[PDB]
Amino acid sequence: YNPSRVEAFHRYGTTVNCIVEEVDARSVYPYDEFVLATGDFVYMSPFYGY
Amino acid sequence: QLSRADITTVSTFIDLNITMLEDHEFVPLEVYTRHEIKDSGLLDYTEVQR
Ligand SMILES: *[C@@H]1O[C@H](CO)[C@@H](O)[C@H](O)[C@H]1NC(C)=O
């Protein structure tokens, strides 16, 4: 989404697209953190819990 | 007339047993295939960028 056309004026148009994906996570010893298929690091052990 | 096997026979020769070396087949063996080594990395720049 972009703002409608108004002459000699700046306009701001916000777009929010919810996205959900199934990614393959990987982890290595000591398994204290894991990465995702998108290359994002997650600094939490995959087995962390209560 | 008596057969040749009717009299006891003693071997006058010094027997020497020779056992040829049996044929051996070598099968492929790798500790870590090239695919496993590539998969050892936590992240892959090719897959992440794709
Ligand atoms: C092999 O050699 C031995 C002597 O070392 C002999 O007594 C024997 O008859 C030979 N042959 C076989 C089939 O064992």
# chains A, B, ... in the order shown; residues from 1 in each chain; ligands from 1
>>> interface_residues(of="chain A", to="chain B", cutoff="7 Å", atoms="only C-alpha atoms", output="ChimeraX atom specification")
/A:26-28,37-39
>>> residues_around(residues="residue 32 in chain A", least_positions_apart="4", cutoff="9 Å", atoms="only C-alpha atoms", output="mmCIF file with N, CA, C and O atoms, in the first residue's frame")
data_model
loop_
_atom_site.group_PDB
_atom_site.id
_atom_site.type_symbol
_atom_site.label_atom_id
_atom_site.label_comp_id
_atom_site.auth_asym_id
_atom_site.auth_seq_id
_atom_site.Cartn_x
_atom_site.Cartn_y
_atom_site.Cartn_z
ATOM 1 N N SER A 27 21.034 -26.804 14.987
ATOM 2 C CA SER A 27 21.794 -26.497 16.190
ATOM 3 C C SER A 27 22.987 -27.438 16.278
ATOM 4 O O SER A 27 22.961 -28.548 15.741
ATOM 5 N N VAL A 28 24.032 -26.979 16.968
ATOM 6 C CA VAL A 28 25.260 -27.741 17.153
ATOM 7 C C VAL A 28 25.636 -27.719 18.629
ATOM 8 O O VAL A 28 25.123 -26.921 19.413
ATOM 9 N N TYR A 43 19.243 -17.135 20.142
ATOM 10 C CA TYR A 43 20.105 -17.393 21.294
ATOM 11 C C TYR A 43 19.332 -17.991 22.464
ATOM 12 O O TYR A 43 19.123 -17.371 23.503
ATOM 13 N N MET A 44 18.905 -19.236 22.268
ATOM 14 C CA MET A 44 18.162 -19.992 23.260
ATOM 15 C C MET A 44 18.300 -21.464 22.909
ATOM 16 O O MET A 44 18.203 -21.843 21.741
ATOM 17 N N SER A 45 18.533 -22.286 23.923
ATOM 18 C CA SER A 45 18.683 -23.710 23.677
ATOM 19 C C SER A 45 17.372 -24.281 23.139
ATOM 20 O O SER A 45 16.299 -23.929 23.637
ATOM 21 N N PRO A 46 17.412 -25.159 22.128
ATOM 22 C CA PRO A 46 16.146 -25.716 21.615
ATOM 23 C C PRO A 46 15.361 -26.498 22.648
ATOM 24 O O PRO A 46 14.141 -26.646 22.506
ATOM 25 N N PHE A 47 16.026 -27.007 23.682
ATOM 26 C CA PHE A 47 15.388 -27.795 24.728
ATOM 27 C C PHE A 47 15.051 -26.984 25.971
ATOM 28 O O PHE A 47 14.683 -27.572 26.992
ATOM 29 N N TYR A 48 15.164 -25.659 25.916
ATOM 30 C CA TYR A 48 14.839 -24.833 27.068
ATOM 31 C C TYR A 48 13.352 -24.940 27.385
ATOM 32 O O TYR A 48 12.506 -25.000 26.490
#
>>> closest_atom_pairs(of="chain B", to="ligand 1", cutoff="9 Å", atoms="only C-alpha atoms and all ligand atoms", output="CSV")
residue,atom,partner,partner_atom_place_in_ligand_line,distance
B:14,CA,ligand 1,4 (C),8.4
B:15,CA,ligand 1,4 (C),5.5
B:16,CA,ligand 1,2 (O),5.7
B:17,CA,ligand 1,2 (O),4.0
B:18,CA,ligand 1,1 (C),7.4
B:19,CA,ligand 1,1 (C),8.7
>>> write_last_selection(atoms="N, CA, C and O atoms", output="mmCIF file, in the first residue's frame")
data_model
loop_
_atom_site.group_PDB
_atom_site.id
_atom_site.type_symbol
_atom_site.label_atom_id
_atom_site.label_comp_id
_atom_site.auth_asym_id
_atom_site.auth_seq_id
_atom_site.Cartn_x
_atom_site.Cartn_y
_atom_site.Cartn_z
ATOM 1 N N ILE B 14 58.813 -85.232 1.860
ATOM 2 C CA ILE B 14 58.681 -84.263 2.994
ATOM 3 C C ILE B 14 57.585 -83.254 2.633
ATOM 4 O O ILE B 14 57.932 -82.154 2.191
ATOM 5 N N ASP B 15 56.319 -83.586 2.876
ATOM 6 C CA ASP B 15 55.164 -82.739 2.459
ATOM 7 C C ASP B 15 55.360 -81.255 2.777
ATOM 8 O O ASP B 15 55.835 -80.955 3.893
ATOM 9 N N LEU B 16 55.009 -80.363 1.840
ATOM 10 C CA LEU B 16 55.048 -78.891 2.058
ATOM 11 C C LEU B 16 53.701 -78.328 1.584
ATOM 12 O O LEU B 16 53.501 -78.256 0.354
ATOM 13 N N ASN B 17 52.818 -77.945 2.510
ATOM 14 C CA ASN B 17 51.462 -77.434 2.165
ATOM 15 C C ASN B 17 51.565 -75.968 1.744
ATOM 16 O O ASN B 17 52.150 -75.188 2.517
ATOM 17 N N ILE B 18 51.020 -75.609 0.578
ATOM 18 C CA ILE B 18 51.063 -74.204 0.075
ATOM 19 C C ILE B 18 49.626 -73.692 -0.121
ATOM 20 O O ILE B 18 48.958 -74.197 -1.045
ATOM 21 N N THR B 19 49.173 -72.737 0.696
ATOM 22 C CA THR B 19 47.815 -72.150 0.614
ATOM 23 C C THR B 19 47.892 -70.799 -0.061
ATOM 24 O O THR B 19 48.327 -69.835 0.603
#
>>> residues_around(residues="residue 2 in chain A", least_positions_apart="5", cutoff="8 Å", atoms="only C-alpha atoms", output="tab-separated table (two decimals) with C-alpha atoms, in the first residue's frame")
chain	number	residue	atom	x	y	z
A	12	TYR	CA	3.28	8.12	4.31
A	13	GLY	CA	1.57	4.79	3.63
A	14	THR	CA	1.97	1.91	6.08
>>> atom_distance(atom1="CA of residue 23 in chain A", atom2="CA of residue 40 in chain A")
10.7 Å
>>> select_by_dssp(residues="chain A", states="strand (DSSP E or B)", output="list in words")
residues 26, 27, 34, 35, 41 and 42 of chain A
